[PDB]
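Student: these chains are from a complex, not moved at all, and more is on the way:
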Amino acid sequence: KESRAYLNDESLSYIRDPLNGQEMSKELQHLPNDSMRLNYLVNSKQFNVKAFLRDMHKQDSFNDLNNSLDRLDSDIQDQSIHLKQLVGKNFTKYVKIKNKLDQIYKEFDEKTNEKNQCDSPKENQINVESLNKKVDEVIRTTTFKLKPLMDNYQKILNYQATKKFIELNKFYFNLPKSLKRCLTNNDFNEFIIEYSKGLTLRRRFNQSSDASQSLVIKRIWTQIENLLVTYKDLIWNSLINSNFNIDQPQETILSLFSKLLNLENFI
Amino acid sequence: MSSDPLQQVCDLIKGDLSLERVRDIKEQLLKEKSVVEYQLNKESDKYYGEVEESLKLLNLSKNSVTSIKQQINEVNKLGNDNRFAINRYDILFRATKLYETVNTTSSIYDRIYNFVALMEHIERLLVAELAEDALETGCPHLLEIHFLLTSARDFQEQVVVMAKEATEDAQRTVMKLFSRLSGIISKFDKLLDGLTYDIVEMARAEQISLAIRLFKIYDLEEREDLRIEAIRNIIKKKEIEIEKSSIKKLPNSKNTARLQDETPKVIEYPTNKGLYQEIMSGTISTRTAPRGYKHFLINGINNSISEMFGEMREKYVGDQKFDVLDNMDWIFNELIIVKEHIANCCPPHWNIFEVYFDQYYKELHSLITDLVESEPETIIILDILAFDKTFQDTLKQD
């Protein structure tokens, strides 16, 4: 399918022409356009001025005005003589080296985007049609994944939340554990004392940094309010009626005030 | 639910109040949901990744392909840069003054239509060389393809007679038509006497290591060149059906035309609205159109020269009762030898490998008629054609 189909004739003709460019001045015995800047001589179907750049000696940090300029005048003089009749004086091939150089480019204003081509080859005018209509068709896909991708993010979000409460067992509990413990016995006192000791571990998860865990801040917040409730219960009891082991109740206000204003002391 | 009351029967297959067996029945439901979520898990994952590559390439080609046709806005709008600028010289006098004499092909048409008359009258014997082979013409890549290019220079009178359809004068295809009597059909049929005698010369038991090489080389050169040539003319009606049927059949005419379009929309008007999609410019540019039947329409006579020699070697009697596939399958062995010898000769055309299976139509259709009724030896009817079925299979690729 090279007649015509625009690709197999362009690959065969125009890409057999590419190796014809790769062996035009490179295989001219031997890389005569340069002074062996590349053995394979990339590319010689174009400049490739990082690969084949040795048309004369310098080629230096500032001496490209010295010898590469003298390469321009040197091979523009030797090619001013030899190219005056190589394709020069026989310039039907130079009338064709201006025909398929400028008039084919004049047809490339008609093979542009777009501009005043016909303009009824329909390419011309949406060159970003895959964005102009298929990001709009992909905006119908945004209506699709509006359901589905949001389902994926809330999906893995919920699974990650199961990981999150899976990553918090003594903490993110212990609101009802120490809360139910509170009114129960003393709270043991250990069910307040050791419970907010081993919870003061993870209350120092909520204190070795906090930003901005309003979850964990709410956790040790309710720990604080509950601890104040057993505080005012404790001195309310030992104050008003005052009937227990009095040294024990003063030990309760003592240790409970010690931890209570110890964390308020951290506040 | 309508399942749950039925599931109340399935768990009511445990008793009525059956809390231990209700627990175990719940473990059975846990097994069912367990495997159903294993397969629904991995299946849902494969579907999710299919959506991931689906939107990932709708993304990647929405953006990247929008920047591939918009990379054709970049490089093709870069095509519009030097439209009236390039080649740093008198390109206006290169395309309108130096290319004015490109519209001055007169004396080449007089000495080449006249030399196409006289020299292809000479090439009605020299490039139509035969008698007998002497390497098939001798040398039909020289001879029969000399009649192909002599018929490609007379494709100015064969194919570009269909491009020069009332271009500027009346005797360009009339006074040169008597210069095409010994010019076109003494070159195209000279390439078809050299092509039918090339493939017929390639149907000559060797045939040969230089006769079928040269002859088949002409019958692949002008065969595949004829194929891309008439494919460039059928793609001049398909590049005109792409082009002039985007102009005449825009639809904005909107009659359309009477009666040079529908029919022939889209051809549409030769020299150059009906020709330049197979003519200049046009770096081909005639299309060629040699030779039409080098083996472009004459590779059927090679696999049908072993499948007409093969079908001809039936001798329908069958000369004992079923010896049709003896000489016919012998021409199938010569079809494998001429086939692989000709693919060793010609890659593009001229019996690459189809002579084997064409000779399997010769042996297949031949053996399906020598014992069609009980007219052959009825005790030896299926053993013969079946013995050549499995044996002539095993004598080839089977």
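Tutor: Received the coordinates, thanks. Residues are numbered from 1 along each chain as shown, chains lettered A, B, ... in the order given.
Student: switch to C-alpha atoms for all contacts and neighbour counts from now on
Tutor: Fine.
Student: Hmm, residue B:176 and residue B:113 touching each other?
Tutor: Yes - using CA atoms under 8 Å, residue B:113 is in contact with residue B:176, at 6.2 Å.
Student: who's more crowded, the two?
Tutor: residue B:113 (25 against 19; other CA atoms under 10 Å in any protein chain shown).
Student: do you know how far that one is from residue B:62?
Tutor: Taking CA to CA, to the nearest Å as the measure, residue B:113 falls 56 Å from residue B:62.
Student: Which residues of the stretch 51-200 of chain B lie near chain A?
Tutor: Residues of the stretch 51-200 of chain B lying near chain A by CA under 8 Å from any CA of the partner chain: B:55, B:58-59, B:61-63, B:65-67, B:69-70, B:72-73, B:76-87, B:91, B:94-95, B:98-99.
Student: For chain A, which residues are neighbours of chain B?
Tutor: By CA under 8 Å from any CA, the residues of chain A that approach chain B are A:1-4, A:92, A:94-99, A:101-114, A:127-131, A:134-135, A:138, A:141.
Student: So which of those are in helices?
Tutor: Counting by DSSP state H, these place A:92, A:94-98, A:104-106, A:129-131, A:138, A:141 in helices.
Student: sorry, back to before: any of the residues of chain A next to chain B buried? List them.
Tutor: A:2-4, A:92, A:94-99, A:101-114, A:127-131, A:134-135, A:138, A:141 (16 or more other CA atoms under 10 Å in any protein chain shown).
Student: what's near enough to touch residue A:46?
Tutor: Counting by CA atoms under 8 Å, 6 or more residues apart in numbering or on different chains, residue A:46 makes contact with residue A:21.
Student: Please apply the same query to residue B:140.
Tutor: The neighbourhood of residue B:140, defined by CA under 8 Å, 6+ apart, consists of B:127, B:129, B:146, B:194, B:198, B:211, B:214-215, B:218.
Student: just these now: which is nearest chain A?
Tutor: Nearest to chain A among those: residue B:218, at 20.2 Å, using CA to the nearest CA.
Student: please slot chain C in as well:
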Amino acid sequence: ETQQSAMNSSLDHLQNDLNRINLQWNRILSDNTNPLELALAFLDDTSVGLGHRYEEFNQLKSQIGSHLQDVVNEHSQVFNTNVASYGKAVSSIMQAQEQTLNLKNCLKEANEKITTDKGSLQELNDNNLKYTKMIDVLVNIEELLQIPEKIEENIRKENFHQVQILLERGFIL
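Tutor: Same chains as before, plus chain C:
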């Protein structure tokens, strides 16, 4: 680096500028165009006479050929730059491979590949007809455990058992 280049222009190229510009009078006089079929009809072949059009044409061959001293190296430059329409449009045909073919068909087709064979259209029902069923397992594990325990061991602690009978009212509700 200024890179001072000395081509052959403005002294060579003035012969292209002035002598190939004779086509304003020379090419309009001989009128050597429209079409190349003069002596194909074997009539005139001049016609007449393509000498002044060969003065402008040969002024493009020689006067723009001596102008092509170093410009037949340099007309000679958009052989790799007027193929900008050849580097892009086939790439647009590759984009037409990618967009007129692969974006639409990979879109709606590579979309529609993972289809039923999900399957889920069975199995998510079979998940559901397990799941809700397993729900009515565990709920009927609850209520059948409830009133046997609550009336038994919560004889004493009344108004803790009110919670239990409320949950039986829900579980059987």
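Student: The contacts of residue A:46 again please, chain C included this time.
Tutor: Applying CA under 8 Å, 6+ apart to residue A:46 gives the contacts A:21, C:80.
Student: Quickly note the distance from it to residue C:3.
Tutor: Residue A:46 sits 20 Å away from residue C:3, going by CA to CA.
Student: cool, and residue B:51?
Tutor: 56 Å.
Student: higher neighbour count, these two?
Tutor: Using other CA under 10 Å, the more surrounded residue of residue B:51 and residue C:3 is residue B:51, with 20 against 17.
Student: Would you report the backbone torsion angles of residue A:123?
Tutor: Backbone torsions of residue A:123, given as degrees, to the nearest 10, read phi -120, psi -50.
Student: my read: it touches residue A:111, true?
Tutor: No - in this structure, residue A:123 is not within contact of residue A:111 by CA under 8 Å, at 9.7 Å.
Student: Residue B:3: how many residues sit nearby?
Tutor: Quick note: residue B:3 (other CA under 10 Å) scores 14 neighbours.
Student: How about it: what's its closest non-neighbour residue?
Tutor: Distance criterion CA to CA, 6 or more residues apart in numbering or on different chains; nearest residue to residue B:3, sequence neighbours excluded, is residue C:129 at 6.8 Å.
Student: In three-state terms, label the one you found for me.
Tutor: helix (DSSP: H, G, I helix; E, B strand; the rest coil).
Student: does the residue nearest the centre of chain A sit in a helix or strand, and which one?
Tutor: The centroid of chain A falls nearest to residue A:153 when counting by CA atoms, centre = their mean (18.4 Å). Taking DSSP states H and E as the criterion, residue A:153 maps to helix A:148-166.
Student: same deal with residue C:91?
Tutor: Following DSSP H and E, one finds residue C:91 within helix C:84-95.
Student: what's the next secondary structure element after that helix?
Tutor: Next element after helix C:84-95 (DSSP H and E): helix C:104-111.
Student: now for that next one, which elements pack on it?
Tutor: Contacts defined by 3 or more CA pairs under 8 Å, 6 or more residues apart in numbering or on different chains; DSSP states H and E place helix C:104-111 against helix B:19-69.
Student: add one more, call it chain D:
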Amino acid sequence: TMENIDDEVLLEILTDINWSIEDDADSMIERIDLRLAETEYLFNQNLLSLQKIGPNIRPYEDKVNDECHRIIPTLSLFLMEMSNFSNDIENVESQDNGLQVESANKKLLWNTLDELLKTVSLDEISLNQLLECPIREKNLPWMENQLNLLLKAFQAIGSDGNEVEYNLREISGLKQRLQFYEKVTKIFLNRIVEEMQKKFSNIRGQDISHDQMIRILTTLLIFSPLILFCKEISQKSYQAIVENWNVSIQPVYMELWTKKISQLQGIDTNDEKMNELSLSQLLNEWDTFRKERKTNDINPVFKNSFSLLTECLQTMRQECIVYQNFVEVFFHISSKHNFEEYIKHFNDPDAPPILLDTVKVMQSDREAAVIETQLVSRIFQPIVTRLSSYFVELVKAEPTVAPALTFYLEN
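Tutor: One more chain to add, chain D, which I have set with the ones above:
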């Protein structure tokens, strides 16, 4: 300190309550997860052949885009055929000898001398003279020139130094954009101090309910800093002056709306009178002239429907004037392109809202949303009379490219 949670892990745990506590509620989260699993497999086979044929119903328009784009296959093979055969005519035309050192030697005489336009090396005159901090704000030499001189600092490919057979910026690339990005590192810290400074003035800008209009005219004084095409954030720094500088300066606007919007609390106590007006309605009706008018319904007076145009508008400050922080994201970083040329002229966005064709992400809408909904929570008369209120809230934002749809989904 900011783990894989607090990215709406609050709003994740806002399924029912983090009110003591529960691992039972974690099981409830597993139940909602399976509910989403059947709703999303339900979306999957809903869209897998069914609305994948709905995507084939889209491929009417989209394969139609492949049909005008299939004329682009004919325009692409038409232009590629004209340039295919005409470029083959170029392959035989210029390369008559071919021999490109004898037939097309504009670049074979000049294998490096045709690429000889690399003389703008290196540094650093107009990098700090044409911009003191700037000299800009009149399309001036730091807008028009020293910006584009920093585009010359990026036109200089500072790691593509020599390729010593060419050798354009071998030692010139050692301090071209190191002095242009040293002096423009001083201009970069100048616009960073102008970002924390001018954005602290935007933190002082609290014009009219709320409105940060001083941050809008001040955002006009920041479009040149984000346009600034080198490029503009060379090391993710200009956007960090637009985002990481606005990190705390979101929370001045976010703290502003946070303390602001939650103060409109006022309600009734007991309305058996109005149920004696809708019991007095059906008494003298109908059978009479109605009675009701439509009568009260005292909730129709905008006790909470006021926020439906206010905290949906202040939510549309968390969203749609944060879509005027789509005029302040970088802005809208695009477009000026040399390096402040087009946005030297065009530095005036709307930005809100305005259409939907993009892909992006943003923030600064958490507490206004949770404030609007959690404020509207104990509302037991609504949403019976507020049916089309909360469903208009459901169907609020279709056509924008903002997260106001997710707000409308939160609504």
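Student: once more on the contacts of residue A:46, with chain D this time?
Tutor: Going by CA under 8 Å, 6+ apart, residue A:46 touches A:21, C:80, D:107.
Student: ok so it is a helix residue?
Tutor: No - using three-state DSSP, the secondary structure at residue A:46 is coil, not a helix.
Student: which parts of chain C sit against chain A?
Tutor: Residues of chain C lying close to chain A by CA under 8 Å from any CA are C:1-8, C:60-62, C:64-73, C:75-86, C:89-90, C:99.
Student: Keep those, but drop any that are not near chain B.
Tutor: Among the residues of chain C next to chain A, chain B is touched by C:60-61, C:64, C:71, C:75-78, C:81-85, C:89, C:99 when using CA under 8 Å from any CA.
Student: From the residues you listed, pick the one nearest residue A:85.
Tutor: Checking those against residue A:85 by CA to CA gives residue C:61 as the nearest, at 10.0 Å.
Student: Now do the strands in the stretch 1-150 of chain A.
Tutor: Here the stretch 1-150 of chain A has no strands by DSSP state E, counting those that start in this stretch.
Student: Kindly provide the distance from residue B:155 to chain D.
Tutor: Using CA to the nearest CA, to the nearest Å, residue B:155 is found at 20 Å from chain D.
Student: hang on, that residue in a helix?
Tutor: No - counting by three-state DSSP, residue B:155 is not part of a helix but coil.
Student: what's the residue nearest the centre of chain B in contact with, if anything?
Tutor: By CA atoms, centre = their mean, chain B has its centre lying nearest to residue B:227, at 7.0 Å. By CA under 8 Å, 6+ apart, the contact list for residue B:227 reads B:292, B:296.
Student: what does residue D:157 give?
Tutor: residue D:173.
Student: secondary structure class for the closest residue to residue A:159 other than its chain neighbours?
Tutor: Spatial nearest neighbour of residue A:159, excluding adjacent residues (CA to CA, 6+ apart): residue D:33 at 7.5 Å. Classification of residue D:33 by three-state DSSP places it in helix.
Student: Report how many residues lie close to residue 66.
Tutor: Assuming you mean chain A. Other residues near residue A:66 number 18, with proximity taken as other CA under 10 Å.
Student: could you do chain D instead?
Tutor: Here the number of neighbours of residue D:66 (other CA under 10 Å) works out to 27.
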